[PDB]
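Next up is one chain by itself, shown in structure tokens, the form deposited in one PDB entry.
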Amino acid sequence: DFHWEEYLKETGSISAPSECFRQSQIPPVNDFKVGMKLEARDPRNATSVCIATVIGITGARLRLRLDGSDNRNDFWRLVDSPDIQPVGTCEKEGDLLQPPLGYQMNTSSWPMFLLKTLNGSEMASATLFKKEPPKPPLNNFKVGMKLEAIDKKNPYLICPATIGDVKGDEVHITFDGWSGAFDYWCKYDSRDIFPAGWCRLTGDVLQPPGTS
């Protein structure tokens, strides 16, 4: 099994301090249940908020699917992500819920599909949406530091990664044991990167380093 304390000694490296990340020192608890409804910004259309159903639970993350669309574009969001909110938030903020990109019906049917889908469903209580963590004021990451990062090619996977480079407010995430094809640059305050030990603390799944 994988253990950071041992891996760090094996690779002769150190893990990035938790203060470097925009993640809560004490991870948020996940009280959501599969089947619950909520609002989520369309991963394929940021300007649109759609109705989403919880398909799965993993650690402090939710596997979501936009109601009215197929099951081939599911995405993962932390319970304290600003991209998810309780039903009713969109309108309360003066916006209008949008059909998902990939909606299987005619746009005009959206109004009734909405009531239908939300009818007799369990709306995730606001109590389930945890407080957003504070943003570290500066990028404190240093090249070589290790962490846990989401493989954006396979979002369900969180893997051992290293800060390959630092440029201003950006960091170059590289995946231990895998080809550069999975690497990516992101803002230091990205919600897709976590301090070593995050998966263990949240009950999520941390992939072992690549065997290639």
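Residue numbers run from 1 along the displayed sequence.
For the pair 23 to 31 and 148 to 156, the mean Cα B-factor is higher in 148 to 156. In this entry, the higher average B-factor at the C-alpha atoms falls on 90 to 98, of the pair 122 to 130 and 90 to 98. Compared with the other modelled residues of the chain, the Cα B-factor recorded for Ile57 ranks in the middle third. In this PDB entry, the Cα temperature factor of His172 sits in the middle third of its chain's modelled residues.
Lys9: CA B factor lies in the highest third for its chain, per the PDB record. Per-chain ranking of the deposited C-alpha B factor places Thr162 in the lowest third.
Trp76: CA B factor lies in the lowest third for its chain, per the PDB record.
Unshown form solved in complex with a partner chain; subsequent notes refer to it.
The partner chain is not drawn, but in the entry with it bound it has no heavy atom within 4.5 Å of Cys186. In the entry with it bound, at least one heavy atom of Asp151 sits within 4.5 Å of a heavy atom of the partner chain. When contacts are judged by a 4.5 Å heavy atom cut-off, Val166 does not count as touching the partner chain in the entry with it bound.
For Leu157, a non-hydrogen atom is located within 4.5 Å of the partner chain in the entry with it bound, even though that partner is not displayed. Judged by heavy atoms within 4.5 Å of the partner chain in the entry with it bound, the contact stretch among the candidates 175 to 183, 54 to 62, 140 to 148, 24 to 32 is 175 to 183.
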